[PDB]
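Notes for the one structure printed next.
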Amino acid sequence: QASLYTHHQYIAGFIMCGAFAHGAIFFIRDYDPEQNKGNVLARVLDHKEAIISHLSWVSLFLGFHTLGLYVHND
Amino acid sequence: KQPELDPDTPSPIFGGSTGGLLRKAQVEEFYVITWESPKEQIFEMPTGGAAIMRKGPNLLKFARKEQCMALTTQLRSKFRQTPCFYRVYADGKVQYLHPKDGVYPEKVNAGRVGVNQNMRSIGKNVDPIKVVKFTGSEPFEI
Amino acid sequence: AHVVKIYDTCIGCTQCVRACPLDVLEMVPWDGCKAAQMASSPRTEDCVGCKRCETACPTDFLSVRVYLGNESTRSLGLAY
Amino acid sequence: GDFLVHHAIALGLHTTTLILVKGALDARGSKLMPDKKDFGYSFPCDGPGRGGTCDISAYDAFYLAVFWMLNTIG
Amino acid sequence: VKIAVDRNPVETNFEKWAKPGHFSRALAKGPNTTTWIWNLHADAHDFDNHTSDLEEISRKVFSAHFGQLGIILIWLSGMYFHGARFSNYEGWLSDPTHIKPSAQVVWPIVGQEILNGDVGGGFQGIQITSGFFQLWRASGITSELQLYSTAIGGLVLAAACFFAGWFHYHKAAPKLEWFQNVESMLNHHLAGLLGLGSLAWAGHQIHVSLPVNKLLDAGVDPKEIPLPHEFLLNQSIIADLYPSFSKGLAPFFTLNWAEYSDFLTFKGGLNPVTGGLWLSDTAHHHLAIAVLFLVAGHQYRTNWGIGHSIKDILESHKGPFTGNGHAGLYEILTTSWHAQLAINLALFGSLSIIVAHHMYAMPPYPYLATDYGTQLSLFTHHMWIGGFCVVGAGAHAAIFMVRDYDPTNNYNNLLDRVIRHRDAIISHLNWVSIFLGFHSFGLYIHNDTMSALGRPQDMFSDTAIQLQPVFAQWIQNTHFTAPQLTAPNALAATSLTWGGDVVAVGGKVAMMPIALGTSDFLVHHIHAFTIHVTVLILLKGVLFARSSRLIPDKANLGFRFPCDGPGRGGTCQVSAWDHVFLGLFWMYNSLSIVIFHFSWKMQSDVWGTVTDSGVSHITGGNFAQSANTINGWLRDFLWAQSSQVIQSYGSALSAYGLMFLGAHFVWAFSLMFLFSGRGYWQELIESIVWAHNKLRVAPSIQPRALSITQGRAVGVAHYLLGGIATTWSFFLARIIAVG
Amino acid sequence: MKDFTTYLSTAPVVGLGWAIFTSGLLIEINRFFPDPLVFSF
Amino acid sequence: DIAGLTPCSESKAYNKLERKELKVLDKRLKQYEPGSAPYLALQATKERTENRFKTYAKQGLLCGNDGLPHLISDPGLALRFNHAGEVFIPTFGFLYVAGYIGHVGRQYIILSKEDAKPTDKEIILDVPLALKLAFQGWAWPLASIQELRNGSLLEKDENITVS
Amino acid sequence: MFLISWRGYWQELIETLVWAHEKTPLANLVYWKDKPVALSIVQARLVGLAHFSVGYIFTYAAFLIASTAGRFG
Ligand code: CLA
Ligand SMILES: CC1=C(/C=C/C(C)=C\C=C\C(C)=C\C=C\C=C(C)\C=C\C=C(C)\C=C\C2=C(C)CCCC2(C)C)C(C)(C)CCC1
Ligand SMILES: CC1=C(C/C=C(\C)CCC[C@H](C)CCC[C@H](C)CCCC(C)C)C(=O)c2ccccc2C1=O
Ligand SMILES: CC1=C(C/C=C(\C)CCC[C@H](C)CCC[C@H](C)CCCC(C)C)C(=O)c2ccccc2C1=O
Ligand code: SF4
């Protein structure tokens, strides 16, 4: 049970990392913003700073508070 | 008149080191530098220690090209001395490189025509579309 | 080798040449204000790709960008 | 005790997704390297100039995101 | 040699403080980037970066010396005052055998008062492993009323030290002529600072040997012991204690040194009841040191045509191979402070580690051999300090070679000959490190493989196939037979670590001879391997700093730079700074291995409690057949001895476990920096700055990520911090629950 | 005096004065008010 | 009764833990005479430990099968009961203090963008200005909402982006 | 090992080893077929992360298997 569960967990983790890697390879190698003047992908690329900043914020929140509660309990 | 390499040239007084002069220098290439050096003086070697240098034009040689550009730049630094470069291939053919203009590429010489350049603002290049060929690294104009 | 380019964004400061360690690029006619020079890459057989010429270029954005390519004896700085 | 560990898992997931989304969105071009689309995907760096440019290619973000994937799955 | 100072060279004013970075004209203009602060911090002490005025540099150094000694003296005064005000020093003094040392008592706020461990003596507090109570007992202190005055004196001296620093920087700033008096500096350090101090301390130990040797070790309460002044002046007292006194001080005038045998004695060893050593041996040693360092400081010509200077001695040393050597080493030293600093730190850390080795097996204090914790603490402390000092000497060698060096006037055929074969040394040491790695580390792999394959009779063992050393055993044999054969006047051997005679004080064996088997052989080979690899790193950083095979124009790039460029396949960690970076990690590895060896040897084959029938050690002799395998270090040493650090939350040792976990945390935190770059981080800061500018709250100073060099610095800093802190917590929580 | 007051706007001031105020306040609140883990109501 | 948890007075494990702690304290409390300092220290420690255990059990806080207190963080379960102080009001208190801090810092960093070389003011602060703004932010919810309706906090897309 | 130490350091050491290998007496027979250099920075960090991941996986799996299928409890 545990062996197969950890197996599939790490398999899914690597497959997700590969999905994101190829998602970046898309923007790097196969992209035509001429055809994409006005779609949702260009919009997503335009406010990228906001997405990155809010990811950073949620990460900071989780890390701060989790480590704080653990250190408090210790 | 760009001067060409001349063998049988004396060398500065030095003991030895363990830098360069490997199998590459025998079967692939070796580079040569020549420069005036008046007022017999002390200098430093890029792949060794300190050495003396007689007055009158003297010639040196090393393994890598930068090992001589370093000496040319040094000579700029202290006293105005004007060395040159040389190339050597397996067939013995010699090629003169620095300075071809005679005026030290940092300064223009009367007139030439350069390559590997395009009149375009920074950026504003082509997207990966229509760049499937990719020709290694594209000149974007050829 | 290393595909080097020079865009029209340039002032002719003569700094990316007195900084290049391999004497790869030249500066021949340009119609400027006070100095009037423009850089050019006539030869690339000796360029190693150290990106020392990109550090001294004060142009915004940079005038020269080294397109990293394939390696060789010169491009790998091999005394052997 | 499940609360704290679920929040640690949320931290790990959000941080890995931050790294991946950042590597993916800042792919065509970032503010430090605007013409990132020209040097492909996996290049070491853009030189020691401009105050230091290390691990700037998206491949390096994938590097760090795989580190965080290992952490989160662990 | 004379004195040469200037009057009011720099006026005292609080203005230059309002402009941080004034010493660096590049920084004084203003902080337009957050890197400005980090460069302010990383360059305040870089005196040779402020300006090329070596006079001002020498003045800055000679002032920072007083600036450091003031802190040193305030530190010693703080230790003495902690011992005075709140501590069980009187309780410890009346009963040193069981009462434990404590000099720190916490405040009752959030439950931290649980740290006030019950140590007895009518007082509770934090146990200290610094070794101040045993050091003070050797001075006849009977009550707390003396440490107050001692700390007062120390604090006054520290104030005067800061005064002297300010005085010699802003009122009596010297000139390079005074600083470069190598003759005077030596003949006054070597003769005065060392000889006079040693003679004074020997005369002190001679007139303080009454309480410790006789009264303190006779059950006499310290209040009962007459005060030291009552021992010094009264001749009847010192005639009753030691018959050699009150003679008339005759043997010392006519040099007929025959009657002075009650206070300058040479015994060696210690009584299994007295616990510690005697003060007469230390007094004789300090008189020998005083005479030696006082005569040695009189072998240099200074003014009156008596002696010979250093320059002539350097000139009169030449050989066939080298020829014209030692040409300008005197100028090498008199020119740069970095050369002298590197040369000092070279053997300074080595002698610190030697002091550690001479302290663990030769406790020079009373009632501390049974204190199994102070020994480990001091030993590991001094070894890490020595490792840091050696790595710093390796760094300052390259520092000297970068800024203050030119092979024209400081020319020396020795140095250029070393440089001309700077590559054969590196190649051969690479091969030797490969040899040692395949021949000192691969043996553990073989042993694990043999123990796993089900063939115990094939594994390397003191029973299956012996691989123990004999050369160290022959040295121990020459030292053991030294008394009465090669050392007639001597009584005992050099140390009880190879001469049997199990000395035990109150069950706990104060000292038992140390064995040397295949395990010690393997571990000493591991030590040699790690030390050689560290020396390889440091020397390959020092040599390849002026020039190299790849980049000839390497001196102009400075000492502190991360790389040159991604050309020629990639250039990373090429500067001597980066070689010091890696040498710090290797010094960590080597010192950690050595300290773990020390701890586990001392706990397995040395320390324990003696019963009616022999001594029962802490561990059941697990050192024999565990060190021969890497799993053994996790089988009976790391796994087994880690119970207290993770089981100490119920007692006053929970802070040790807290530091334990926090050090793990900071270690991984350092890994973060060590494995990442700046591009990712700089672009993340870009997006965060975007988030800021939407509400108009961004800073005026441009927030940039740390520099590559600072990134690596933070990495190594957190890395060594976490490592050393975790190992400290372990060795300090394990050794309290077993002593 | 003037240059001293100017010097007293840097790390050795608030950042010391601050966080000293705050450590003192928190320690005093936890000392007079011994062990809070939930509000009054 | 919520989540299968029981009020913390009826927890046999909680009282067993209190007795365990008191026994562990007294076993080493009996080492000293009633007059010395360590004895008084342990006495006061036991005082506030008994006070811990007594004062918690008021207005209701649930302890589980382990006997330890468990904070309820859902609004709605803290309502319809008496748990609004577990974490519901502390949330608003931290929000107030964090507002206060951010408001003061933002108004400081804005009022400094007008003078020459503002970077200096970030390494050499304006202590009197910081003190003034420190004693003016305890109405920030009023100023924030109406400064939002005002529009003096939205930058009209005049910043540096790359896309 | 591959993560902390980066490429540039190892180029000089490889050049030193080449110097030593070309000068060993009577050991200059048939040469290497390709020039030895330091791993690419991209290659360096790739192999570093590969070792990281594979060691992480093997360690955790060996633990999860041994500490379970040896005690049964
Ligand atoms: C145990 C080691 C360690 C730690 C503690 C962290 C911590 C962090 N990483 Mg990280 N990481 C690590 C290892 C580590 N990493 C390694 C080995 C790698 C691969 C080399 C990475 C790669 C990586 C990437 C790519 C990213 C991070 C990010 C982050 C940050 C996310 C912020 C957050 O989630 O909330 C907070 C997390 C904290 C750790 C805060 C706790 C620190 C406390 C407050 C210290 C307080 C000290 C005290 C107040 C005073 C001490 C100072 C002085 C007195 C000494 C965070 C600070 C992400 C980031 O930057 O976020 C935007 C990011 O994208 N990491
Ligand atoms: C029925 C039901 C339900 C419902 C549900 C829902 C309705 C929801 C959801 C959900 C979801 C829905 C989730 C998700 C997921 C997702 C993911 C996981 C994602 C992704 C993506 C990605 C990964 C991307 C990639 C890329 C990039 C990177 C860039 C470029 C582009 C691309 C795309 C390539 C529940 C269960 C509740 C309950 C029971 C019943
Ligand atoms: C996170 C990270 C950074 C970023 C490092 C940062 C942002 C350090 C900044 C943290 C400091 C502590 C900020 C603190 C300053 C506060 C704004 C004010 C101080 C608080 C007062 C109370 C004193 C690097 O620069 C880096 C470089 C090379 C390899 C890896 C990394 C890396 O991982
Ligand atoms: C040791 C080391 C080297 C030198 C390591 C070398 C030269 C060894 C690699 C080649 C040898 C021949 C490996 C021998 C075989 C390998 C163990 C496995 C090869 C199997 C493949 C055929 C799949 C680097 O080049 C380097 C580069 C960047 C960061 C860190 C480092 C680094 O730490
Ligand atoms: S360094 Fe850049 S701006 Fe200056 S001349 Fe060269 S290309 Fe033009």
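Quick note on naming: the chains in the structure tokens go A, B, ... in the order shown, residues restart at 1 in each chain, and ligands are numbered from 1 in order of appearance.
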Please check which protein, DNA or RNA residues sit within 8 Å of ligand 4, counting only C-alpha atoms and all ligand atoms, and write them as a PyMOL selection string. chain H and resi 1-11+14+36-41+43-45
Which residues are close to region 11-25 of chain C, i.e. within 10 Å by only C-alpha atoms, leaving aside same-chain residues fewer than 6 positions away? Reply as a VMD selection string. (chain B and resid 64 to 70 73 97 to 99 104 to 108 114 to 116) or (chain C and resid 4 31 to 59 63 to 64) or (chain E and resid 551 to 553)
Proximity check chain D to chain G, 9 Å, nearest pairs one decimal Å, only C-alpha atoms, as JSON lines:
{"residue": "D:25", "atom": "CA", "partner": "G:163", "partner_atom": "CA", "distance": 8.5}
{"residue": "D:26", "atom": "CA", "partner": "G:163", "partner_atom": "CA", "distance": 7.8}
{"residue": "D:28", "atom": "CA", "partner": "G:163", "partner_atom": "CA", "distance": 8.1}
{"residue": "D:29", "atom": "CA", "partner": "G:163", "partner_atom": "CA", "distance": 6.8}
{"residue": "D:30", "atom": "CA", "partner": "G:162", "partner_atom": "CA", "distance": 5.8}
{"residue": "D:31", "atom": "CA", "partner": "G:162", "partner_atom": "CA", "distance": 5.3}
{"residue": "D:32", "atom": "CA", "partner": "G:162", "partner_atom": "CA", "distance": 9.0}
{"residue": "D:34", "atom": "CA", "partner": "G:162", "partner_atom": "CA", "distance": 7.0}
Neighbours of residue 10 (chain A) within 8 Å (only C-alpha atoms; same-chain residues fewer than 4 positions away dropped), as a list in words? residues 6 and 14 of chain A; 70 and 73 of chain D
Output as a PyMOL selection string the set of chain A residues within 10 Å of chain D, with distances taken over only C-alpha atoms. chain A and resi 6+9-14+16-29+31+44-49+51-67+69-70
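If you look at CA of residue 62 (chain G) and CA of residue 86 (chain G), they are 10.2 Å away from each other.
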Check which residues fall inside 6 Å of ligand 3 when counting only C-alpha atoms and all ligand atoms, and print them as an MDAnalysis selection string. (chainID E and resid 672:674 676:678 705:706 708 711) or (chainID F and resid 15)
Selected residues written out with C-alpha atoms, as a PDB file, in the first residue's frame:
ATOM      1  CA  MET E 672      18.686  27.319  -0.309  1.00  0.00           C
ATOM      2  CA  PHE E 673      21.266  30.006  -1.102  1.00  0.00           C
ATOM      3  CA  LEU E 674      23.952  27.512  -2.096  1.00  0.00           C
ATOM      4  CA  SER E 676      20.121  28.868  -6.309  1.00  0.00           C
ATOM      5  CA  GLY E 677      21.199  31.933  -8.286  1.00  0.00           C
ATOM      6  CA  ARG E 678      19.983  35.503  -8.800  1.00  0.00           C
ATOM      7  CA  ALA E 705      18.876  40.826  -4.689  1.00  0.00           C
ATOM      8  CA  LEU E 706      22.122  39.963  -2.947  1.00  0.00           C
ATOM      9  CA  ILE E 708      26.617  36.569  -6.211  1.00  0.00           C
ATOM     10  CA  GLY E 711      24.855  34.978  -2.043  1.00  0.00           C
TER      11      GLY E 711
ATOM     12  CA  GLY F  15      15.426  48.918  14.768  1.00  0.00           C
TER      13      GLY F  15
END
Just checking: using only C-alpha atoms, which residue out of E:187, E:571, E:324, E:129 ends up closest to chain C?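 Among E:187, E:571, E:324, E:129, it is E:571 that comes nearest to chain C.
Counting from CA of residue 27 (chain E), the distance to CA of residue 39 (chain E) is 7.9 Å.
CA of residue 62 (chain E) to CA of residue 334 (chain E) spans 14.4 Å [interatomic distance, one decimal].
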For chain E, which residue among B:41, B:93, B:118, B:30 is the nearest when counting only C-alpha atoms?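 Of B:41, B:93, B:118, B:30, the one nearest chain E, counting only C-alpha atoms, is B:41.
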Region 19-28 of chain B surroundings by only C-alpha atoms, 8 Å radius, close-in-sequence under 5 positions cut, as a CSV table (one decimal) with C-alpha atoms, in the first residue's frame:
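part.csv was written with the following content:
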chain,number,residue,atom,x,y,z
B,47,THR,CA,51.9,32.2,-17.5
B,48,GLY,CA,55.0,32.4,-15.3
B,62,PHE,CA,52.3,31.6,-25.9
B,63,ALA,CA,49.4,29.0,-26.3
B,64,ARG,CA,46.1,31.0,-26.1
B,89,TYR,CA,48.3,26.5,-38.6
B,90,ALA,CA,49.4,23.0,-39.3
C,79,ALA,CA,45.7,25.2,-24.1
C,80,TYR,CA,45.7,21.4,-24.8
E,548,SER,CA,46.4,30.7,-14.4
E,549,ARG,CA,46.2,28.5,-17.5
H,19,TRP,CA,49.4,18.7,-17.8
May I have the residues of chain G within 8 Å of chain E, counting only C-alpha atoms, written as a VMD selection string? chain G and resid 28 32 36 to 38 45 106 109 to 110 113 118 to 120 122 153 to 155 157 159 to 161
Keeping only N, CA and C atoms, write the selected residues to a file as a short mmCIF file (atom, residue, chain, number, x, y, z; two decimals), in the first residue's frame.
data_model
loop_
_atom_site.label_atom_id
_atom_site.label_comp_id
_atom_site.auth_asym_id
_atom_site.auth_seq_id
_atom_site.Cartn_x
_atom_site.Cartn_y
_atom_site.Cartn_z
N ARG G 28 11.11 17.61 42.52
CA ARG G 28 12.34 18.39 42.62
C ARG G 28 12.15 19.69 43.40
N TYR G 32 14.81 21.64 48.30
CA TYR G 32 15.29 22.90 48.85
C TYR G 32 14.47 23.29 50.07
N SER G 36 15.07 29.45 50.95
CA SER G 36 16.00 29.80 49.90
C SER G 36 15.25 30.35 48.69
N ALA G 37 16.02 30.84 47.70
CA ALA G 37 15.48 31.50 46.53
C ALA G 37 14.88 30.49 45.55
N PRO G 38 15.60 29.42 45.19
CA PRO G 38 15.02 28.43 44.27
C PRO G 38 13.68 27.90 44.72
N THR G 45 6.28 29.39 40.25
CA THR G 45 6.02 28.64 39.03
C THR G 45 4.78 27.76 39.19
N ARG G 106 3.29 53.47 4.63
CA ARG G 106 2.98 53.97 3.29
C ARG G 106 2.92 55.48 3.27
N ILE G 109 6.51 56.70 3.43
CA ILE G 109 7.28 56.50 2.20
C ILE G 109 6.74 57.35 1.06
N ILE G 110 5.48 57.78 1.13
CA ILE G 110 4.93 58.67 0.12
C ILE G 110 5.36 60.10 0.39
N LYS G 113 8.80 60.91 -0.98
CA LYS G 113 9.07 60.88 -2.41
C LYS G 113 9.16 62.27 -3.03
N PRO G 118 15.47 61.11 -1.86
CA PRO G 118 14.70 60.37 -0.84
C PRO G 118 15.41 59.14 -0.31
N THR G 119 16.36 58.57 -1.06
CA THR G 119 17.07 57.39 -0.60
C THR G 119 17.71 57.63 0.76
N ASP G 120 18.27 58.82 0.98
CA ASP G 120 18.85 59.13 2.28
C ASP G 120 17.84 58.92 3.40
N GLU G 122 15.67 56.87 3.70
CA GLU G 122 15.44 55.47 3.96
C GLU G 122 16.57 54.81 4.73
N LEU G 153 -4.76 56.09 -4.23
CA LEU G 153 -3.92 54.93 -4.02
C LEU G 153 -3.79 54.04 -5.25
N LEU G 154 -4.59 54.26 -6.28
CA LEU G 154 -4.47 53.53 -7.54
C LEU G 154 -3.54 54.29 -8.48
N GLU G 155 -2.43 53.66 -8.85
CA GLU G 155 -1.54 54.23 -9.85
C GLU G 155 -2.07 53.94 -11.25
N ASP G 157 -1.52 53.02 -14.09
CA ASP G 157 -0.75 52.19 -15.02
C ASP G 157 0.39 53.00 -15.66
N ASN G 159 3.86 52.29 -14.62
CA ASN G 159 4.94 51.54 -14.00
C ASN G 159 5.67 50.70 -15.04
N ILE G 160 6.76 50.09 -14.61
CA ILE G 160 7.66 49.37 -15.51
C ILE G 160 7.23 47.91 -15.58
N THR G 161 6.86 47.45 -16.77
CA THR G 161 6.50 46.06 -17.03
C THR G 161 7.23 45.58 -18.27
#
From the DSSP assignment of the backbone, select every residue of chain H that is alpha helix (DSSP H), and format the answer as a ChimeraX atom specification. /H:7-23,41-69
Wanna dump the chain E-ligand 1 contacts at 8 Å for me, each residue with its shortest atom pair and the distance in Å to one decimal, counting only C-alpha atoms and all ligand atoms, ordered by chain and number, as CSV?
residue,atom,partner,partner_atom_place_in_ligand_line,distance
E:664,CA,ligand 1,1 (C),7.6
E:665,CA,ligand 1,1 (C),4.9
E:666,CA,ligand 1,1 (C),6.3
E:667,CA,ligand 1,1 (C),6.8
E:668,CA,ligand 1,2 (C),3.8
E:669,CA,ligand 1,2 (C),3.3
E:670,CA,ligand 1,2 (C),6.6
E:671,CA,ligand 1,17 (C),4.5
E:672,CA,ligand 1,16 (C),3.4
E:673,CA,ligand 1,20 (C),6.3
E:674,CA,ligand 1,20 (C),6.5
E:675,CA,ligand 1,20 (C),4.0
E:676,CA,ligand 1,20 (C),4.9
E:680,CA,ligand 1,25 (C),7.3
E:681,CA,ligand 1,60 (O),7.1
E:684,CA,ligand 1,62 (C),7.0
Identify all chain D residues at most 10 Å from chain C by counting only C-alpha atoms; ligands do not count. Present them as a PyMOL selection string. chain D and resi 33-35+38-40+43-44+46-51
